[PDB]
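Enquirer:
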Amino acid sequence: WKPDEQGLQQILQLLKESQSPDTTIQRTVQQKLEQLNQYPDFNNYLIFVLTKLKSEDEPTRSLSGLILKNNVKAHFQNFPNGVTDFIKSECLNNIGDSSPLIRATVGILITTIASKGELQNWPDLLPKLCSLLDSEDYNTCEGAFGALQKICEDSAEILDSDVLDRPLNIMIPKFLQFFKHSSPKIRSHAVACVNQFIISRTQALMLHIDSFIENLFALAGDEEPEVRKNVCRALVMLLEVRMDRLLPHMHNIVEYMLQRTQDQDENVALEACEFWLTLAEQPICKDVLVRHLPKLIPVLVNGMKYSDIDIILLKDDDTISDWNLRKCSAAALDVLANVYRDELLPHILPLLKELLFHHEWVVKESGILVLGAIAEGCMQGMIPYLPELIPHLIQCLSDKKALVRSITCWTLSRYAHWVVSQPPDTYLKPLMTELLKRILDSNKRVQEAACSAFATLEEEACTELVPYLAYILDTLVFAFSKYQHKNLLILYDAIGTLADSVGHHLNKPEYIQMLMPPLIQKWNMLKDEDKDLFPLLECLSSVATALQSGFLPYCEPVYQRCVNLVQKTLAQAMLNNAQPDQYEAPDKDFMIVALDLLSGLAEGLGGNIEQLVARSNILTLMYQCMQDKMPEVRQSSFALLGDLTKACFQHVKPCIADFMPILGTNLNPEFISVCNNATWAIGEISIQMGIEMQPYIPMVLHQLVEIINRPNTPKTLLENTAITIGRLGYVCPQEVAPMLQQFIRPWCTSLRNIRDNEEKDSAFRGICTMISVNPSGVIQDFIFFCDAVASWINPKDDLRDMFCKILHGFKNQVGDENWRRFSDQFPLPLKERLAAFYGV
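Mapping of the sequence shown onto the authors' numbering: residues 5 to 319, 366 to 890, in sequence order.
1. Quick one: what does DSSP say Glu161 is sitting in, helix, strand or coil?
2. Are the beta-carbon atoms of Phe279 and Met308 separated by less than 8 Å?
3. Along the chain, which unbroken stretches of the alpha helix (DSSP H) at least 4 residues long are found entirely within the stretch 112-178?
4. Using 8 Å for Cβ pairs, my map puts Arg870 next to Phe834. What's the rounded Cβ distance?
5. Give the secondary structure of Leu239 by DSSP, where H, G and I count as helix, E and B as strand, and everything else as coil.
6. Check each candidate in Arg777, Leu645, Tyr390, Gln286 and name the one with the smallest Cα separation from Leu297.
7. Per DSSP, what kind of secondary structure is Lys581 in: helix, strand or coil?
8. Run through DSSP, which three-state label would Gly889 get?
9. How do the stretch 525-532 and the stretch 554-562 stand: do at least 3 beta-carbon pairs fall below 8 Å, yes or no?
10. Please say whether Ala505 and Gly553 have beta carbons closer to each other than 8 Å?
11. Using a Cβ-Cβ distance under 8 Å, would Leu133 count as near chain B?
12. Whole-angstrom Cβ separation of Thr547 and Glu508, contact assumed at under 8 Å?
13. Within its chain, find whatever has a CB closer than 7 Å to the CB of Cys289; leave out the 5 residues flanking it on each side and keep chain order.
14. Go ahead and pull the three-state DSSP assignment for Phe90.
15. By the three-class DSSP mapping on this structure, what secondary structure does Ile722 have?
16. How would you label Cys512, buried or exposed, when you count the other beta carbons within 10 angstroms and need 16 or more for buried?
17. Once DSSP output is grouped into helix, strand and coil, what is the label at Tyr477?
18. Which residues mark the beginning and the end of the alpha helix (DSSP H) in which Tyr260 is found?
19. Given a cut-off of 8 Å on the beta-carbon distance, is the pair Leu884 and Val828 in contact?
20. Compare the Cα-Cα distances from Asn82 to each of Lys581, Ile418, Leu576, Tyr43 and report the closest residue.
21. Does the beta-carbon distance from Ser22 to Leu12 come in below 8 Å?
22. With H, G and I counted as helix, E and B as strand and the rest as coil, what does DSSP make of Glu270?
23. So, under 8 Å CB-CB, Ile642 and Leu651 are touching, yes? Tell me the CB distance rounded to an integer number of Å.
24. Quick one: any contact between the stretch 621-639 and the stretch 591-607, if contact means 3 or more CB pairs under 8 Å?
25. Would you tell me roughly how many angstroms separate the C-alpha atoms of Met676 and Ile418, rounded to the nearest one?
26. With DSSP collapsed to three states, give me the class of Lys184.
27. When you compare the stretch 765-772 with the stretch 715-735, are there three or more beta-carbon pairs, one atom per stretch, that lie closer than 8 Å?
28. Starting from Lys77, follow the alpha helix (DSSP H) in both directions and report where the run begins and ends.
29. Could you spell out the range, first to last residue, of the alpha helix (DSSP H) harbouring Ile29?
30. Helix, strand or coil: how does DSSP classify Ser59 here?
31. Let me know if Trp373 comes out buried or exposed under the rule of 16 or more other beta-carbons within 10 Å of its beta-carbon.
32. Using the rule of at least 16 other Cβ atoms within 10 Å of the residue's Cβ for burial, across every protein chain shown, is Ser68 buried or exposed?
33. Could you compute how far the alpha carbon of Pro127 sits from the alpha carbon of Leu168?
34. Tell me where the alpha helix (DSSP H) around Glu9 begins and ends.
35. Is DSSP giving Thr461 helix, strand or coil here?
36. Helix, strand or coil: which one does DSSP assign to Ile642?
Rendered as structure tokens:
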């Protein structure tokens, strides 16, 4: 192609001075350069300088070819093919140029093209490399392989797709062969490639899944880190996939890995660590690592100390890597703690003694970390050493060096449960106090832990906080005008949580006086488009619930803002659909929060929302929200549907007609939360409808059972299922009673394990009416019903009696001597407890 020596003495200069030190000339020259991309003949200049102008010096040469790569990143859709096929040509040829630098540039352009212009569009490329992979010249081989890798990383499922007819078959053994090749670099290039296809559990490899396994071990003792790295990745990966192909040789490996954990190179150490996590999955662990235990645990802990450079990058959002080695170690240890429970302490506890009270802080910190890290797994066996260890940590919430006070917070919150169990004037009070101090700690980092650790504490210390409340808020609201970005979100959570935990006890005026102003402040200095509204509204929905009627001074504008945000978001949704290219895709977390914050007003205010509901097209709005494709929007609305039903049902009864079907559509346990909410809705709905639920019974009832008779179905959704069913039956007995037999099993199996509340109270009046109507449903499982009657500590007089009439009629019906036989089953904490309360 013709250089046109006018457009050559034009670029060369603008390349020469594209490097000149000063940023002034740097930017002018680089922009008035890539702007000359208007020529379709422009990208053809940017290869000639690289591949052909070998009288120009190397950096200048490389830079030109280099820019082209970027003129492929963008500016590819304006590609003349005459340019492109020529660019493709000079590269795939000059692939192993004599110079390291030049050889390098080319390889990247290849990886770019084979990604930007897909792979299929350059069909020749792959079987050419897979061939130029046998070339005698190192420079061509490593240069071909080097590209073949980075490409084999990007298009990992594209090549295994049909697009390239899967050229992996010819490449799996081909790549797997260079696994003994004399050059270290290439051995690495090889194992890197064959790694991509371990998790995507590829077929082309599943063939060589034995010469790969074996050809891997052959590199076990390689001194080159880069290789030993890859061996470990593949070695780790293989543990999820074809675990069977490792089961035999595994002991050799758990030793090899244990060593690898200490490897000279951090990366190898790190990657060999990732292994302990993945291993700690399959229940095989309990029966294998049992022995390695006292060897590995310390080798683990010894890595959980901060690195030296770690300390420096701390004591922007001044952070270390998101994935440390320390982090990996700690992670693993946590998991491990869970696997071996209290039967782990002896192998670790000793270290802690030698760690926790040590002189150098760096050792303390890590000990502290370990302490918390093992918390949940070794809890039972941790109680003995808590009573005096806690007061220690509470001292440690002072240790001069920031990172120490920092960690202590978290660690403490990990044993927050036990703390609430012990009287406050010894444990909780001290902790709470000191934490409140640390919330306003001068070190941003120490604020973070503290405030979160505090959030955690609140949840545990339900109403135990109530007395110390004026204090909490005092510090927590100053924290409000000192906290910047993410520290704020936590505060939001500390607040919501406070509200959540202390509930109506927050209604006293003096509290409202403190809390509201800073909130109502944010609220005002914010707009219907700023995504910083999420965490505030979210917080507010908890406040509103807690502040029952004390919130009246605010609802109007609040309620308003919310409908607005739905109105708009919902509007934007369909317009994004009916105008993809002019109507901006809306953020639905605006609609979500609104609804949430809404069912919080509905909850706290109850019958007082009547008006606000009545005077707005709010009903019709959720009507759309339940159908919205996004799971959360679905759930969030149902929740509100329940709460509105609970408040002013008279405003629902219209829309209920077409509402029930949508509920019945979302009754799908694949979406736990959605299914849950929807279910609960029907309870409150039905209890408000009466026989009027008649028509809808046959729709929903049948699903709820298959939900309640389903494996791994969470308890939350099991609870609500069983309750709703009772309610439906309570108002539609004739209709649900004739089904009794199915659910009467997991019903009691779910409802025996819950607190004696109204939700429970109605649920049992439900069974008790379905039994009056179909007594024949109970007899086969009258046992499970009794362990359900037992569950009641304080049952309302009439219903307690309702139970009593059942049991007594049952006895009257089967015989006293037959009663005997059956009685001799349930454990004494039942047998007598029923003969006590209701009497034989």
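From the three backbone atoms N, C-alpha and C, an ideal C-beta is built for every residue, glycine too.
Expert: On the basis of the coordinates in this document:
1. Reading the sequence shown from its first residue, position 157 is the one you call residue 161. In the three-state reduction of the DSSP assignment, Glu161 falls in the coil class.
2. To locate residue 279, count along the sequence shown from 1; it is residue 275. To locate residue 308, count along the sequence shown from 1; it is residue 304. Taking 8 Å as the Cβ cut-off, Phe279 and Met308 do not qualify as a contacting pair.
3. If you keep only unbroken alpha helix (DSSP H) runs of at least 4 residues inside the stretch 112-178, you get 129-133, 142-158.
4. Working through the sequence shown from its first residue, we reach residue 870 at position 820. Working through the sequence shown from its first residue, we reach residue 834 at position 784. Actually they are not in contact, since the Cβ atoms of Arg870 and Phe834 sit about 19 Å apart, beyond 8 Å.
5. The count along the sequence shown starts at 1 and reaches residue 239 at position 235. It is helical.
6. Numbered from its first residue, the sequence shown carries residue 297 at position 293. Among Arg777, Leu645, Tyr390, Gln286, the Cα nearest to that of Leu297 is on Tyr390.
7. Position 531 of the sequence shown holds residue 581. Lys581: coil per DSSP, three-state reduction.
8. Position 839 of the sequence shown, counted from the start, is the residue given in the question as residue 889. In the structure shown, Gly889 sits in a helix (DSSP, three-state: H, G or I).
9. Verdict: no, contact absent.
10. What you label residue 553 is simply residue 503 of the sequence shown in a count that begins at 1. What you label residue 505 is simply residue 455 of the sequence shown in a count that begins at 1. No, these two residues do not count as a Cβ contact at 8 Å.
11. You won't find chain B in this structure, because it holds only one protein chain.
12. Position 497 of the sequence shown, counted from the start, is the residue given in the question as residue 547. Position 458 of the sequence shown, counted from the start, is the residue given in the question as residue 508. The Cβ separation is near 5 Å, so the contact holds.
13. Here residue 289 is taken as the residue at index 285 of the sequence shown, counted from 1. Closer than 7 Å at Cβ, skipping near neighbours: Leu283, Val389.
14. As a working note, residue 90 is residue 86 in the sequence shown. Looking at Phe90 - three-state DSSP - the assignment turns out to be helix.
15. Position 672 of the sequence shown holds residue 722. Correct three-state label for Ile722: helix.
16. Position 462 of the sequence shown holds residue 512. By the 10 Å Cβ count, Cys512 comes out exposed.
17. Residue 477 sits at position 427 when you count from the first residue of the sequence shown. Here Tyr477 sits in coil by DSSP.
18. Taking the sequence shown and counting its residues from 1, one reaches residue 260 at position 256. Element bounds for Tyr260: 254-264.
19. On the sequence shown, position 834 is the one that residue 884 refers to. On the sequence shown, position 778 is the one that residue 828 refers to. No. Outside cutoff.
20. Position 78 of the sequence shown holds residue 82. Residue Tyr43 is the option with its Cα nearest to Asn82.
21. For this step, residue 22 is matched to residue 18 along the sequence shown. For this step, residue 12 is matched to residue 8 along the sequence shown. Cβ distance not < 8 Å, so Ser22 and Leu12 don't count as in contact.
22. Residue 270 sits at position 266 when you count from the first residue of the sequence shown. Note: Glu270 maps to helix in three-state DSSP.
23. Indexing the sequence shown from 1 puts residue 642 at position 592. Indexing the sequence shown from 1 puts residue 651 at position 601. Not quite, the Cβ-Cβ distance comes to about 15 Å (not below 8 Å), so this is no contact.
24. no
25. If you number the sequence shown from 1, residue 676 lands on position 626. If you number the sequence shown from 1, residue 418 lands on position 368. So the alpha carbons of these two residues sit roughly 47 Å apart.
26. Looking up residue 184 in the sequence shown gives position 180. DSSP places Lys184 in helix when its eight states are reduced to three.
27. yes
28. As a position in the sequence shown, residue 77 is number 73, starting the count at 1. Residues 62-77.
29. Numbered from 1 along the sequence shown, position 25 holds the residue referred to as residue 29. 27-38 is the span of the alpha helix (DSSP H), which, as asked, contains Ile29.
30. Numbered from 1 along the sequence shown, position 55 holds the residue referred to as residue 59. Residue state, collapsed to three classes: coil.
31. To locate residue 373, count along the sequence shown from 1; it is residue 323. Per the 10 Å Cβ criterion, exposed.
32. Here residue 68 corresponds to residue number 64 of the sequence shown, with the count starting at 1. Under this definition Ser68 is a buried residue.
33. Locating residue 127 in the sequence shown gives position 123, where the first residue counts as 1. Locating residue 168 in the sequence shown gives position 164, where the first residue counts as 1. If you take the alpha carbons of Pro127 and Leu168, they lie about 8 Å apart.
34. Your numbering for residue 9 matches position 5 in the sequence shown. Neither: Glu9 is in no alpha helix (DSSP H) and is coded neither H nor E.
35. Here residue 461 corresponds to residue number 411 of the sequence shown, with the count starting at 1. The DSSP-derived three-state label of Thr461 is helix.
36. Translated into positions along the sequence shown, residue 642 becomes position 592. Three-state result, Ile642: helix.
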